[PDB]
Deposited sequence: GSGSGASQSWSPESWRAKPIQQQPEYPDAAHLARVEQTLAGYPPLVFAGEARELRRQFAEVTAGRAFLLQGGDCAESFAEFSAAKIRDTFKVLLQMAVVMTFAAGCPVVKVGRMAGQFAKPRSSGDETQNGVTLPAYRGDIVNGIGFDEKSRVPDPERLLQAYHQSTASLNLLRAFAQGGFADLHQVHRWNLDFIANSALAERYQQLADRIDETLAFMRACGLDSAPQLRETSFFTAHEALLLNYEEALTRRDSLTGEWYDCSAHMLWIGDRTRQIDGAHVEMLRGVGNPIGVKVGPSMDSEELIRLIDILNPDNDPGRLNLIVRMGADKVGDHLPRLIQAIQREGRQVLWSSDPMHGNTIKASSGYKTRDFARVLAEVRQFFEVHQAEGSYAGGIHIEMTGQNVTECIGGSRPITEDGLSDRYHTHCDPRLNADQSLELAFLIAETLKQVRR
């Protein structure tokens, strides 16, 4: 039997040490009384869409922040990241004739797993930065001592963000007639800004053709579906935002539409797996180089006993050198046991380089290589490359080569997100041809 708190009985990684247990309890509790970020019916809709992807009739586009922060909470940043998602989706949908399920790593992706539980600088040792939901980035005691009030600040930032995202998606910003205005200024001059300008003109032509045919009024051209997701890492936050569906009595984690378990917290006997095991959400698990096929099958027996094709997204993050060696054996076990999974590629988290400095780098070319290989590997085994899962930004920076080089990892910029979409689009077209 499961309950929203049965995770507290399991061994657990990556949890911060709070100075005041009773204070923490009071905040968990204020938060239990706050409205949910999502409605359970919506999470069932995403499951429905997941089952399409899993059967080879759609593709999953998941993208957003490494880890959102309190210091960067603006409409502009939310809007520009959403623009990049719309761009990518429209490119894939059109070139490949393929529905694309849109999931933002947004409105709740605050917590960070870490290698080390603390950090040392010139003889001083303090608790590690675990994301703004837990503590602050600044190297000083007050910043680093976990503050449970941050749970609420993270909640508030999330309702503001999701509220605006919902409004963009339904209220006209995502209307296909706005296809041009989704290209960010940044993508000004490359051949790229121009490969998209043509695709966009085509879409204009498509829509002109439809009004000429008498289809100018379809709501499906004016709005789109948009879902949110984050790593369920801080189980305090998740529990508090876990609610029963009134219609079915079934528990959903209503902090977001989809939750996923990290590579460092996926212990079969651990708290994170216990938590997500009993919620009705569609969910994911990060699958890195350390996963063998036995563990994988056991993990699936726990997270998808009924072998439902809408339930479980396996997010493969191997590294461009390792994907070829490791993935196949994993696909083959799944095939052999007749399991229904959605396979996605996280081509970022297994390609980060951390130098003694503590400085992180990602070569964008490695990122493309892992993707290209993920598609190759699925081609060969007779299975479906279902999804992509990336960190990206609408901001005008270049973080990958080809706060985000230390505590966080480097995000794709808009140019890079687009080249990737074009690449994915061609491959998908070939798959379907």
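Absence of C-alpha coordinates is noted for several segments of the deposited sequence, namely 1 to 8, 411 to 422.
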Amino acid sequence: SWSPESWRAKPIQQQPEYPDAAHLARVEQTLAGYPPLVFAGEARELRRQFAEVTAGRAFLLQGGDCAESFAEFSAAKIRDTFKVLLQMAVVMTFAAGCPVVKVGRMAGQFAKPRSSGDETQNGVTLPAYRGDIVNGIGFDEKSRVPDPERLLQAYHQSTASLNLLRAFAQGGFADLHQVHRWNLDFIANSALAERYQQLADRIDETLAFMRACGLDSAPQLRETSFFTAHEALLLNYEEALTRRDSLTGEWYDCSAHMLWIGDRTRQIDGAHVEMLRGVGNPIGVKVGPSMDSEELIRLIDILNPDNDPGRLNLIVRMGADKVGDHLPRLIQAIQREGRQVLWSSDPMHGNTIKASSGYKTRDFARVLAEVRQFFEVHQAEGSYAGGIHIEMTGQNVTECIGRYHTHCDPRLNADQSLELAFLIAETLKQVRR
From here on, numbers count along this sequence of modelled residues.
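With 148 to 156 and 203 to 211 compared on mean CA B-factor from the PDB entry, the stretch scoring higher is 203 to 211. On average the C-alpha atoms of 186 to 194 have higher B-factors than those of the other stretch, with 186 to 194 and 78 to 86 being the two compared.
Reading the B-factor column for the CA atoms of 334, 240, 285, 162 in the entry, the top value corresponds to 334. In this entry, the residue among 175, 216, 253, 263 with the greatest C-alpha B factor is 216.
When the modelled residues of the chain are ordered by their C-alpha B factor, residue 62 lands in the lowest third. In this PDB entry, residue 402 carries a Cα temperature factor that places it within the highest third of its chain's modelled residues. Per the PDB record, residue ranking by Cα B-factor puts residue 28 in the middle third of the chain. Per the PDB record, residue ranking by Cα B-factor puts residue 368 in the middle third of the chain.
Residue 55: CA B factor in the middle third of modelled residues in this chain (values from the PDB entry).
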